[PDB]
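Chains as they are written, first to last, in the deposited numbering: chain B, 47 to 383; chain C, 47 to 383; chain D, 363 to 383; chain A, 47 to 362.
This is the structure in structure tokens:
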């Protein structure tokens, strides 16, 4: 149940809280709907927060700053598209005496504060493949062939904030569906082999695309190390129809392609702005990942893969040649008999 | 004797007197019965007045002009239903010379003058609690708990008239059984502490209530300032079982909830026509307090109270929120490797 | 001329007030 | 088309490939031109190789250690200037991510690899006659008279390498444009006849020469036995105007001039440093056939010739 569009937008527990300034005054949560009916409170200047799909969390009696600094982390139950926490910003509305309501402009008595319906954005981020097609270059045609096995994502962050402009917090506790043993320049600090982020390869396309849900991350720096949330493919690499064994594992390992079993990796740094990547619809790429974005990618397989998929990517270029023919050398050997 | 049915309607002295125009003619008082025997007087056009349960107060010598402007002030002895001043209206009767009386038509000889027995209102007005049940809301359930100590009422007036159409005059000498230091909007000038209106908390039910006897006051003017008579409950407020201290005691007082010790107020001000109160038997609320009325009130405790009970009250308000979900921001990325 | 007056007493009116906070 | 300068130097196929150590990274070939314009690869440390006129030769997939040991042979196509392999040594360039070009430097954007256009050497060599004028000595004036018939060459080598410095390898499969009947001090063991190294004699001059393309072969040892490359003419030897027969031919066999048919040879050694030869433009001669050289020879007949052209020569 990864991605249908219906389950991506489905509230299950809407919760509205009204404060009078740093103190909990009114709170009443409704379930499996989107209309709230009886939030009784005082009048005057109040602050209005609204959350959805929060699950079983302590929310009674908590103050303003504690609900503004709540943290969630992704579970096993997020990859089946459930428990997607949503959020609007605080907006400090004002209230009249009799009966106030917001949105659905011009229905009954009382008074309307805001005419348009209130918007709530998500907090997750979907990344997925769409196309996986192979096209070997001139230097490997009908020699090396690829078959895919696993599709696991690599450097997914653990936890993030829930309210504000950006969503970052200094808790580097990233999660990984790989061995977490090899270590490139995209350095593993303190990982965890977690059996969620690992799916078997079944039919990637434009309908039901295989992928994962990750939280907000930032790697838009210029110097120092970064931790890009890459997404990779993994599987066996065959040589002219047969499996790689015997007298070619040692030949391949010096070129840094294939692991000791016969497998190889294929990483894609989603939203990274390198020379291998292009973008459609006039999108200048920013070097982070932000909430409410459908990062779907189409890659092309040219040549074999690589070991150590957290190594830095190699950028492409082009060449062209022009040469001249040399001159002869004369001697002129005159002989006599 | 705070009201049994007999200790509050029992005449201790029924003074009755006559007038032939601007000067007295006769007076004779009888005790512990509703009758008088041997008034003697002339015949012709007269004017009859009758007061009851006056007690120690001079009433001889004065004229018709001075008796229509007598003022009484409530004393400390009026809390055991002793000293309830009961009076009537002048009724300009004529008088035949032989023998005539007023009351009990169909008993003796002579001629009756008024057929029904003459009726007498009082001037006081009782206000009392009946049910102080507590039901915390959802936002403070199993967090705050309330226990009452004191019951005192605050802005009762001091003196009034005794005859005429209305009974309220122009005077400001108010009384209060509280700490009376703080100022608010409903705060008149020159009123000080009096230690009569203060009691313990003794199990208030539909039988044997707790309250006071207060006089008349008008606060029906729309603009400007007003001074209504309020009644309050004052008590401790324990946060999660133990005594209130710690980080909350400097946090609750910013919300204007609890005073500088750990105690909370609960005011309710009689006959106001606000959003906060309901009534019954289809009784419209006037904005005053009149004679011969009993005010039994029934509050519930929802949440904490506020300090400074002479502030204007905050009208309640309901709410309805409808929220919609924003859509994805679809980015596209094609990749080469 | 003489006089006898025999008065009665009048009961209150009940005004109930259901309040909330 | 033996020597025009147009057909002698014309790239009928270019082929450019580039490695990253022991594996193939990129490969592309243009045709009938000298420009491959769209090489796509990665960046980093690479090694560049470029070949010309390889023909139908398998170059995809093969590693660097196998490319650096390729061989070739001379063909019948090689004697009319068609199928001349042309290569250069690897030169380990380093690439940049933007755009890199080699040749026509200083004209476009990006950066330059190197300034000059790249040079490609041929692998073959040429040996050819240019002037076969005949002036007999005093002891044969108006007695013997020579006329030529054939032009073939003798001890060309079959195979070689394609990369290195001295691209001669240890093998022995030599070719010959004549008989295997005489066995002098020059004839090697494995030996063969190949009937394309032989034209028929026509009018050599300052232009329109006659000769053969050839590969490279080392015979510079002092002691032991060598195998030098010999070119020759081969023709009748008349006596006093008529054809030679009678009881003089059996008197001519004892001096080993003329064989049983009536003909004689004229062997000449290319680049030999003997007393009988001479040179010009102050050139010391080396005892090997090296790459990309043009050996024009003009000889003067003085006296008759000899049998056994694979015998050692007798200096003056």
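Every residue, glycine too, gets a C-beta built ideally from N, C-alpha and C.
Whole angstroms are fine: how far does the CA of residue 345 of chain A sit from the CA of residue 314 of chain A?
One-based indexing of the fourth chain puts residue 314 of chain A at position 268. One-based indexing of the fourth chain puts residue 345 of chain A at position 299. Taking the straight line from one Cα to the other gives about 9 Å.
Does the beta-carbon of residue 286 of chain B have 16 or more other beta-carbons within 10 angstroms, so that it is buried, or is it exposed?
Stepping through the first chain from its first residue, residue 286 of chain B is reached at position 240. Label assigned to residue 286 of chain B: exposed.
Buried versus exposed, by CB contacts within 10 Å (16 or more), residue 135 of chain A:
Taking the first residue of the fourth chain as 1, we reach residue 135 of chain A at position 89. Exposed, because fewer than 16 other Cβ atoms sit within 10 Å of the Cβ of residue 135 of chain A.
Excluding sequence positions up to five away, which residues of its chain have a Cβ less than 8 Å from the Cβ of residue 80 of chain A?
Residue numbering aside, residue 80 of chain A sits at position 34 when the fourth chain is read from its first letter. Excluding sequence positions up to five before and after residue 80 of chain A, its CB lies within less than 8 Å of the CB of 57, 60, all in the same chain and listed in chain order.
In chain B, what lies closer than 9 Å to residue 326 of chain A by C-beta?
Numbered from 1 along the fourth chain, position 280 holds the residue referred to as residue 326 of chain A. The contacting residues are 377, 378, 379, 380.
Partners in chain A for residue 339 of chain B, counting only beta-carbon separations shorter than 9 Å
Residue mapping note: residue 339 of chain B aligns to position 293 of the first chain, counting from 1. Correct list: empty, because the minimum Cβ distance to chain A is about 28 Å.
Flag residue 345 of chain C as yes if its beta-carbon sits less than 8 Å from any beta-carbon of chain F, otherwise no.
Absent here is chain F; the protein component of the structure consists of chains B, C, D and A.
Residue of B/110, B/200, B/192 minimising C-alpha distance to residue 230 of chain B
Mapped onto the first chain, residue 230 of chain B falls at position 184. Of the candidates B/110, B/200, B/192, the one whose C-alpha sits nearest the C-alpha of residue 230 of chain B is B/200.
Output yes if chain D places a C-beta closer than 8 Å to the C-beta of residue 55 of chain C; else output no.
For the purposes of this step, residue 55 of chain C is taken as the residue at position 9 of the second chain. True, the Cβ-Cβ gap to chain D drops below 8 Å.
Pick from C/354, C/112, C/251: whose alpha carbon is nearest that of residue 302 of chain C?
On the second chain, position 256 is the one that residue 302 of chain C refers to. That would be C/354, whose Cα lies nearest to the Cα of residue 302 of chain C.
Could you give the residue range of the beta strand (DSSP E) that holds residue 195 of chain A?
In the fourth chain, counting from the first residue as 1, residue 195 of chain A sits at position 149. That run of the beta strand (DSSP E) goes 190 to 196.
Do residue 127 of chain A and residue 47 of chain A have their C-beta atoms within less than 8 Å of each other?
On the fourth chain, position 81 is the one that residue 127 of chain A refers to. On the fourth chain, position 1 is the one that residue 47 of chain A refers to. Contact: yes.
First through last residue of the alpha helix (DSSP H) which encompasses residue 145 of chain C
Stepping through the second chain from its first residue, residue 145 of chain C is reached at position 99. Here residue 145 of chain C belongs to no alpha helix (DSSP H), and DSSP marks it neither H nor E.
Reference residue 365 of chain C; option with closest CA among B/251, B/140, B/273, B/116:
Start at 1 with the first residue of the second chain, and residue 365 of chain C comes out as number 319. With distances taken between Cα atoms, residue 365 of chain C lies closest to B/140.
Reference residue 151 of chain A; option with closest CA among B/380, B/374, B/367:
Against the fourth chain, residue 151 of chain A aligns to sequence position 105. Comparing Cα-Cα distances from residue 151 of chain A to each of B/380, B/374, B/367, the minimum goes to B/367.
Sort A/116, A/347, A/101 by Cα distance to residue 108 of chain A and report the nearest one.
Reading the fourth chain from its first residue, position 62 is the one you call residue 108 of chain A. Residue A/116 is the option with its Cα nearest to residue 108 of chain A.
In this structure, does DSSP put residue 124 of chain B in helix, strand or coil?
Here residue 124 of chain B refers to the residue found at position 78 of the first chain. In this structure, residue 124 of chain B counts as helix in the three-state DSSP scheme.
Along the chain, where does the beta strand (DSSP E) containing residue 377 of chain D start, and where does it finish?
Position 15 of the third chain, counting from 1, holds the residue named residue 377 of chain D. Note, residue 377 of chain D: beta strand (DSSP E), 375 to 382.
The beta strand (DSSP E) that contains residue 105 of chain C, what's its start and end?
Taking the first residue of the second chain as position 1, residue 105 of chain C is located at position 59. Taken as a continuous stretch (DSSP letters only), residue 105 of chain C belongs to no beta strand (DSSP E), as it is neither H nor E.
Segment contact, 8 Å Cβ cut-off, at least three pairs: the segment 245 to 261 of chain C with the segment 147 to 162 of chain C
no
Apply the 10 Å Cβ neighbour rule to residue 100 of chain A and answer buried if 16 or more other Cβ atoms are within range, or exposed otherwise.
Here residue 100 of chain A refers to the residue found at position 54 when the fourth chain is read from its first residue. It counts as buried.
Identify, in the order they occur along the chain, each residue of the same chain with its Cβ nearer than 7 Å to the Cβ of residue 220 of chain B, setting aside the five sequence neighbours on each side.
Working through the first chain from its first residue, we reach residue 220 of chain B at position 174. The residues are 201, 202, 203, 204, 237, 273.
What ranges does the alpha helix (DSSP H) occupy inside the segment 264 to 323 of chain B, keeping only unbroken runs of at least 4 residues that lie completely in it?
295 to 300
At a Cβ cut of 8 Å, what residues of the segment 195 to 209 of chain B count as close to chain A, listed as they run along the chain?
none
Using a beta-carbon distance below 8 Å, is residue 137 of chain C in contact with chain D?
Taking the second chain and counting its residues from 1, one reaches residue 137 of chain C at position 91. It does not; no Cβ of chain D falls within 8 Å.
Can you tell which of B/183, B/94, B/177 has the C-alpha that lies nearest to the C-alpha of residue 66 of chain B?
For this step, residue 66 of chain B is matched to residue 20 along the first chain. When each option's Cα is compared against that of residue 66 of chain B, the closest is B/94.
Check whether the Cβ atoms of residue 280 of chain C and residue 196 of chain C sit closer than 8 Å, and answer yes or no.
Within the second chain, residue 280 of chain C is the residue found at index 234, counting from 1. Within the second chain, residue 196 of chain C is the residue found at index 150, counting from 1. Their beta carbons are under 8 Å apart, which means residue 280 of chain C touches residue 196 of chain C by this criterion.
Between residue 105 of chain B and residue 73 of chain B, how many whole angstroms is the CB-CB distance? I'm expecting something under 8 Å.
Here the question's residue 105 of chain B lines up with position 59 in the first chain. Here the question's residue 73 of chain B lines up with position 27 in the first chain. The pair is a contact, with the Cβ atoms about 7 Å apart (cut-off 8 Å).
So with Cβ pairs under 8 Å, would you call residue 296 of chain C a contact of chain B?
Counted from its first residue, the second chain places residue 296 of chain C at position 250. No, no contact with chain B.
Roughly how many whole angstroms lie between the Cα atoms of residue 144 of chain B and residue 163 of chain C?
Here residue 144 of chain B corresponds to residue number 98 of the first chain, with the count starting at 1. Here residue 163 of chain C corresponds to residue number 117 of the second chain, with the count starting at 1. Taking the straight line from one Cα to the other gives about 50 Å.
On the three-state DSSP scale, how would you describe residue 77 of chain B?
As a first step, residue 77 of chain B must be located in the first chain, where it is residue number 31. Three-state DSSP puts residue 77 of chain B in a strand.
Neighbour flag for residue 187 of chain A against chain B, beta carbons, 8 Å
Here residue 187 of chain A corresponds to residue number 141 of the fourth chain, with the count starting at 1. Chain B, which has no Cβ nearer than 8 Å to the Cβ of residue 187 of chain A, makes this no.
Identify every residue that forms a DSSP beta bridge with residue 343 of chain C.
Position 297 of the second chain holds residue 343 of chain C. Partner(s): C/175, D/379.
Could one say the Cβ of residue 155 of chain C lies closer than 8 Å to chain D's Cβ atoms, at least one of them?
Translated into the one-based positions of the second chain, residue 155 of chain C becomes position 109. False, the Cβ-Cβ gap to chain D never drops below 8 Å.
Buried or exposed: which applies to residue 189 of chain A, given that a residue is buried once 16 or more other Cβ atoms fall within 10 Å of its Cβ?
For this step, residue 189 of chain A is matched to residue 143 along the fourth chain. The residue is exposed, with fewer than 16 neighbouring Cβ atoms inside 10 Å.
Counting contacts by CB-CB distance shorter than 8 Å, is residue 27 of chain C in contact with chain B?
Residue 27 of chain C lies beyond the stretch modelled for chain C, which goes from 47 to 383, so this question has no answer here.
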